[PDB]
Amino acid sequence: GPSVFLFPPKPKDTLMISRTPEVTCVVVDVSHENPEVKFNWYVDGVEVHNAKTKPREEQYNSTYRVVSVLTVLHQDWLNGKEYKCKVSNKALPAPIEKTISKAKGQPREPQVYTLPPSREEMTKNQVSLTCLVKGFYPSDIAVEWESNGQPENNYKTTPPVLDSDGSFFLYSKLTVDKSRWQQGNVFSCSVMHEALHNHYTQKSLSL
Amino acid sequence: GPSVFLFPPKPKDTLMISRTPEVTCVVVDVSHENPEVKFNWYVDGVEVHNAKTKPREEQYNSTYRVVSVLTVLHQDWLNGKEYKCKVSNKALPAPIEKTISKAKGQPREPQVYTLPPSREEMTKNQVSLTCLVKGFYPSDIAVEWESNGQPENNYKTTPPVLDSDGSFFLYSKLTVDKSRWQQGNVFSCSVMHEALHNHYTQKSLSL
Amino acid sequence: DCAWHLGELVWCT
Amino acid sequence: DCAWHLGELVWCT
Ligand SMILES: *[C@@H]1O[C@H](CO[C@H]2O[C@@H](C)[C@@H](O)[C@@H](O)[C@@H]2O)[C@@H](O[C@@H]2O[C@H](CO)[C@@H](O[C@@H]3O[C@H](CO[C@H]4O[C@H](CO)[C@@H](O)[C@H](O)[C@@H]4O[C@@H]4O[C@H](CO)[C@@H](O[C@@H]5O[C@H](CO)[C@H](O)[C@H](O)[C@H]5O)[C@H](O)[C@H]4NC(C)=O)[C@@H](O)[C@H](O[C@H]4O[C@H](CO)[C@@H](O)[C@H](O)[C@@H]4O)[C@@H]3O)[C@H](O)[C@H]2NC(C)=O)[C@H](O)[C@H]1NC(C)=O
Ligand SMILES: *[C@@H]1O[C@H](CO[C@H]2O[C@@H](C)[C@@H](O)[C@@H](O)[C@@H]2O)[C@@H](O[C@@H]2O[C@H](CO)[C@@H](O[C@@H]3O[C@H](CO[C@H]4O[C@H](CO)[C@@H](O)[C@H](O)[C@@H]4O[C@@H]4O[C@H](CO)[C@@H](O[C@@H]5O[C@H](CO)[C@H](O)[C@H](O)[C@H]5O)[C@H](O)[C@H]4NC(C)=O)[C@@H](O)[C@H](O[C@H]4O[C@H](CO)[C@@H](O)[C@H](O)[C@@H]4O)[C@@H]3O)[C@H](O)[C@H]2NC(C)=O)[C@H](O)[C@H]1NC(C)=O
């Protein structure tokens with residue numbers, strides 16, 4: 001029988017007004033003999049009709065993958081509205097329903113602190129620039145780095161770790177050439193989270 | 001039918017000569033009709049006989065949980081020897097075999113750097129002491145904190161993250177009362193890994 | 001006021 | 001030489 005998986009929108013799509021967030025209802029193990037799948041979408045119980053079906057995709061393992069996409073309003077998602085996707089198909093004795101929404105809990109503003117490399121590190125080829133993002137809730141966040149308005153892609157960010165106070169924290173490490181850091185260059189930690197003023201804040205790091 | 005899960009020993013047990021590491025072969029979904037399970041252990045193909053069976057445990061969901069424990073030698077584990085557990089039971093068409101051993105790849109020594117709390121964090125009631133452990137391989141490690149020889153339990157450590165050079169790194173955050181920090185108290189980050197001299201290293205941090 | 005990430009509009013209060 | 005963690009013997013080369 002078919003299986004269903006309901007995915008939330010990307011953090012950046014919900015936090016940036018210049019983007020369009022969407023919920024994706026994925027149906028796997030759809031059979032070749034009965035691929036007709038009916039979707040019924042609800043938002044807080046009220047049925048909606050603006051969803052679109054993505055083109056069917058052959059998986060080559062004897063099944064299809066049928067997907068429905070529902071566009072959501074930034075404020076509707078951020079306000080904790082619930083999205084339910086009901087999936088009906090002939091091979092399904094009874095319709096399958098999945099529900100997803102933002103994590104419930106009072107949102108808390110992340111504190112962002114940039115931390116320079118250790119004195120002991122000043123002898124290696126490349127130095128590490130740290131950015132501590134703590135005290136945030138929910139865990140939905142986006143962290144990036146830049147210098148002179150240009151994006152720095154040489155970084156790794158730990159997944160959010162649940163702190164002892166019910167909030168989340170994480171660390172992001174950007175690795176650069178000692179020269180750059182030594183020269184006084186300015187590097188920044190860009191963080192996007194719903195609880196920040198304008199869902200944004202930048203923290204600079206240099207000498 | 002029963003299912004089998006083979007677990008590696010704890011990092012601290014393999015790195016400390018004062019401890020005894022062991023591999024654990026757990027068998028779940030054992031039936032009441034046929035609870036008798038035979039174990040055959042091997043180390044690099046050579047069958048061994050010093051394993052012990054833990055006392056049987058009723059799971060209350062209609063099945064038993066049968067477990068076998070094999071003690072290993074610190075050097076055998078660290079040297080990449082393979083441990084295979086074969087499980088036989090009348091409700092199993094053919095014996096089940098699982099194999100586990102240390103992660104393969106040249107071991108690399110972790111670089112440990114302690115990072116003080118951001119000056120911006122001093123407005124808060126408690127502060128964050130960071131410890132960056134990077135460039136290590138394999139990911140098997142143990143990180144703890146202490147002060148005046150006494151263990152500090154108020155910390156959280158990120159899971160190891162795979163870096164761009166094939167090594168792992170992580171961050172550990174100890175939260176202390178701002179007063180304690182501003183008073184000159186010395187805190188240390190204790191790291192245990194196979195590539196460190198004597199599997200240990202300690203890095204201090206103070207005002 | 002507004003916030004911008006690499007030129008892109010993020011949000012405005 | 002050896003290494004000790006909180007008094008416990010870790011290892012000796
Ligand atoms: C037949 O073949 C099917 C396909 O197989 C092939 O694809 C590979 C992935 C492998 O599966 C390989 O064998 C083949 O080459 C196969 O389908 C798979 O079936 C699995 C079990 O039924 C199913 O597992 C679940 O996976 C969930 C996570 O899925 C996401 O992540 C994986 C990778 O991490 C990815 O492969 C999936 O496609 C999902 O990816 C997410 O996709 C969404 C929607 O597109 C993205 O969100 C939207 O993104 C758009 C842009 O694209 C917009 O941004 C929009 O706003 C967003 O909403 C999202 O970004 C993306 N994330 C990632 C990380 O990629 C698990 O969550 C789930 O786990 C739960 O349930 C299980 C039980 O089932 C529990 O054990 C768990 O604890 C948990 O509760 C579960 O594991 C796979 O998802 C599915 N793969 C695909 C591609 O559909 C099928 O089963 C085969 N059948 C047979 C009989 O052989
Ligand atoms: C009937 O009930 C069974 C018992 O379940 C009970 O708890 C709940 C489930 C209740 O709902 C109730 O049913 C029961 O009261 C139930 O068994 C479960 O079956 C699961 C599926 O078959 C099985 O899942 C696998 O879990 C693996 C991880 O297991 C560890 O983590 C879980 C959760 O944290 C923990 O419960 C387990 O006990 C395991 O814990 C580890 O145990 C080892 C060995 O003892 C420890 O290591 C040793 O520790 C000692 C300590 O002194 C020494 O240090 C020594 O040196 C060490 O070796 C280890 O520390 C400990 N870790 C943790 C974190 O606690 C997953 O690995 C596995 O997933 C993998 O494989 C599958 C399939 O290939 C993939 O899908 C995954 O992607 C992944 O690759 C899988 O999820 C449960 O583990 C099992 N629970 C128990 C307690 O055994 C049974 O299913 C029920 N049956 C029915 C019909 O209902």
# chains A, B, ... in the order shown; residues from 1 in each chain; ligands from 1

$ residues_near_ligand --ligand "ligand 1" --cutoff "6 Å" --atoms "only C-alpha atoms and all ligand atoms" --output "PyMOL selection string"
chain A and resi 7-10+21-24+28-29+59+61+63

$ interface_residues --of "chain D" --to "chain B" --cutoff "6 Å" --atoms "only C-alpha atoms" --output "ChimeraX atom specification"
/D:3,9-12

$ write_last_selection --atoms "N, CA and C atoms" --output "mmCIF file, in the first residue's frame"
data_model
loop_
_atom_site.group_PDB
_atom_site.id
_atom_site.type_symbol
_atom_site.label_atom_id
_atom_site.label_comp_id
_atom_site.auth_asym_id
_atom_site.auth_seq_id
_atom_site.Cartn_x
_atom_site.Cartn_y
_atom_site.Cartn_z
ATOM 1 N N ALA D 3 48.498 9.389 31.752
ATOM 2 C CA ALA D 3 47.461 10.419 31.727
ATOM 3 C C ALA D 3 46.366 9.979 32.694
ATOM 4 N N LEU D 9 43.196 6.154 35.981
ATOM 5 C CA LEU D 9 44.261 5.954 35.012
ATOM 6 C C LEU D 9 43.660 5.768 33.633
ATOM 7 N N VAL D 10 44.117 6.593 32.703
ATOM 8 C CA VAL D 10 43.659 6.547 31.327
ATOM 9 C C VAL D 10 44.558 5.637 30.494
ATOM 10 N N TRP D 11 45.836 5.979 30.402
ATOM 11 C CA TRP D 11 46.740 5.210 29.571
ATOM 12 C C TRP D 11 48.166 5.622 29.867
ATOM 13 N N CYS D 12 49.122 4.755 29.534
ATOM 14 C CA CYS D 12 50.541 5.051 29.710
ATOM 15 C C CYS D 12 51.311 4.547 28.498
#

$ select_by_dssp --residues "stretch 29-182 of chain A" --states "strand (DSSP E)" --output "ChimeraX atom specification"
/A:29-31,38-43,46-48,52-53,57-58,63-71,83-88,96-100,111-115,126-136,142-147,150-152,155-157,161-162,168-177

$ residues_around --residues "stretch 86-98 of chain A" --least-positions-apart "4" --cutoff "6 Å" --atoms "only C-alpha atoms" --output "PyMOL selection string"
chain A and resi 37-40

$ atom_distance --atom1 "atom CA of residue A:168" --atom2 "atom CA of residue A:135"
5.6 Å

$ atom_distance --atom1 "atom 83 (C, counted along the ligand's line) of ligand 2" --atom2 "atom CA of residue B:1"
14.3 Å

$ interface_residues --of "chain A" --to "chain B" --cutoff "7 Å" --atoms "only C-alpha atoms" --output "PyMOL selection string"
chain A and resi 113+115+118+156+158+161+163+171

$ write_last_selection --atoms "N, CA, C and O atoms" --output "CSV table (one decimal), in the first residue's frame"
chain,number,residue,atom,x,y,z
A,113,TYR,N,26.9,35.3,19.2
A,113,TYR,CA,28.3,35.8,19.6
A,113,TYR,C,29.4,35.3,18.7
A,113,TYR,O,29.5,34.1,18.5
A,115,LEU,N,33.2,34.4,17.8
A,115,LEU,CA,34.4,34.1,18.6
A,115,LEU,C,35.6,33.9,17.7
A,115,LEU,O,35.5,33.2,16.8
A,118,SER,N,41.8,30.7,18.5
A,118,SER,CA,42.6,30.7,19.7
A,118,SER,C,44.0,31.1,19.3
A,118,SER,O,44.5,31.0,18.2
A,156,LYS,N,30.9,25.1,8.2
A,156,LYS,CA,30.1,23.9,8.6
A,156,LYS,C,29.3,24.3,9.8
A,156,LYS,O,29.9,25.0,10.7
A,158,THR,N,26.8,23.0,13.1
A,158,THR,CA,26.3,21.8,13.8
A,158,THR,C,24.8,21.9,13.8
A,158,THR,O,24.2,22.9,13.5
A,161,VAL,N,21.3,21.8,18.9
A,161,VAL,CA,21.3,20.9,20.1
A,161,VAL,C,20.4,21.5,21.2
A,161,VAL,O,20.4,22.8,21.3
A,163,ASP,N,19.3,22.7,24.6
A,163,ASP,CA,20.0,23.2,25.8
A,163,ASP,C,19.1,22.8,27.0
A,163,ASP,O,17.9,22.5,26.9
A,171,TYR,N,26.7,25.9,16.8
A,171,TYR,CA,27.9,26.5,16.5
A,171,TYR,C,28.2,26.4,15.0
A,171,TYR,O,27.8,25.4,14.4

$ atom_distance --atom1 "atom CA of residue B:35" --atom2 "atom 7 (O, counted along the ligand's line) of ligand 2"
18.5 Å

$ residues_around --residues "residue A:4" --least-positions-apart "2" --cutoff "7 Å" --atoms "only C-alpha atoms" --output "PDB file with C-alpha atoms, in the first residue's frame"
ATOM      1  CA  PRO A   2       1.097   3.642  -0.566  1.00  0.00           C
ATOM      2  CA  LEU A   6       4.277  15.577   4.863  1.00  0.00           C
ATOM      3  CA  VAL A  26       4.649  13.158  -0.863  1.00  0.00           C
ATOM      4  CA  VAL A  27       3.007   9.823  -1.636  1.00  0.00           C
ATOM      5  CA  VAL A  28       5.362   6.903  -2.243  1.00  0.00           C
TER       6      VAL A  28
END
